[PDB]
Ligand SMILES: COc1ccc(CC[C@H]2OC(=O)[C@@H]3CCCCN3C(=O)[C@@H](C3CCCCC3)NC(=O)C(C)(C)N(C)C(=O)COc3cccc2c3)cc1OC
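Encoded as structure tokens, the following chain is the form deposited without the named molecule, with no partner shown.
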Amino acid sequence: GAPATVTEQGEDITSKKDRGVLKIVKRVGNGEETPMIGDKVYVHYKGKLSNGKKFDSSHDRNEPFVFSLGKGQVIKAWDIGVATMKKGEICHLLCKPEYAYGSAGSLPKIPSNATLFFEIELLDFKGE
């Protein structure tokens, strides 16, 4: 399935090149510009655990997730991954725990030491 495919066929987008965040571009977005640090970014997403459970989805909530890029308001994999996206892009990210919730996990949804899969669509980005 898609998690296996990005595990086996994804590109390492980390600065350390430690394969902690792998990416596949599923739909090419618009132009060449990616957001900048501090931009308000709007995304749709779904997240799955490595046991197949869907732990989160903005689509199911009927509202996007909104955060300021590069500020640690989301897991490290999202700060790094969304920073690579163009407006309108859809990507898959495969995130080792060191770029996600680590040994702590995040109750009730996410166990300790969890590798996570996301599908993310960058809807918009704007400076404030």
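Throughout, we count residues from 1 along the sequence that is shown.
**Q** Can you let me know which of the two, 77-85 or 54-62, has the higher average C-alpha B-factor in the entry?
**A** In the deposited entry, the stretch with the higher C-alpha B-factor mean is 54-62.
**Q** Would you mind comparing 67-75 and 87-95 for me and telling me which has the higher average C-alpha temperature factor in the entry?
**A** Higher mean C-alpha B-factor: 67-75.
**Q** Taking only the Cα B-factors deposited for this chain, tell me whether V21 sits in the lowest, middle or highest third.
**A** As the PDB entry reports it, the C-alpha B-factor of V21 lands in the lowest third of its chain.
**Q** Is the Cα B-factor recorded for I13 in the lowest, middle or highest third of its chain?
**A** It belongs to the middle third of the chain when residues are ordered by C-alpha B-factor.
Although not depicted, the form solved in complex with the named molecule is the subject of the following passage.
**Q** Once the named molecule is overlaid from its position in the deposited bound form by fitting the nearby C-alphas, are 3 or more of its atoms within 2.4 Å of backbone or C-beta here, so blocked, or is the site open?
**A** After superposition, the named molecule runs into the main chain and C-betas, so blocked.
**Q** Determine whether any heavy atom of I110 comes within 4.5 Å of a heavy atom of the named molecule in the deposited bound form, and answer yes or no.
**A** Output for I110 is yes: heavy atoms within 4.5 Å of the named molecule.
**Q** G88 versus the named molecule, in the deposited bound form: is there a non-hydrogen atom within 4.5 Å?
**A** No, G88 stays farther than 4.5 Å from the named molecule in the deposited bound form.
**Q** Closest heavy atom of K48 to the named molecule in the deposited bound form, within 4.5 Å or not?
**A** It does: once the named molecule is placed as it appears in the deposited bound form, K48 has a heavy atom within 4.5 Å of it.
**Q** Does any heavy atom of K26 come within 4.5 Å of a heavy atom of the named molecule in the deposited bound form?
**A** Although the named molecule is absent here, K26 would stay clear of it in the deposited bound form, with no heavy atoms inside 4.5 Å.
**Q** Any residue of 11-32 with a heavy atom within 4.5 Å of the named molecule in the deposited bound form counts; write them all down in order.
**A** Going through 11-32 in order - heavy atoms within 4.5 Å of the named molecule in the deposited bound form - there are no hits.
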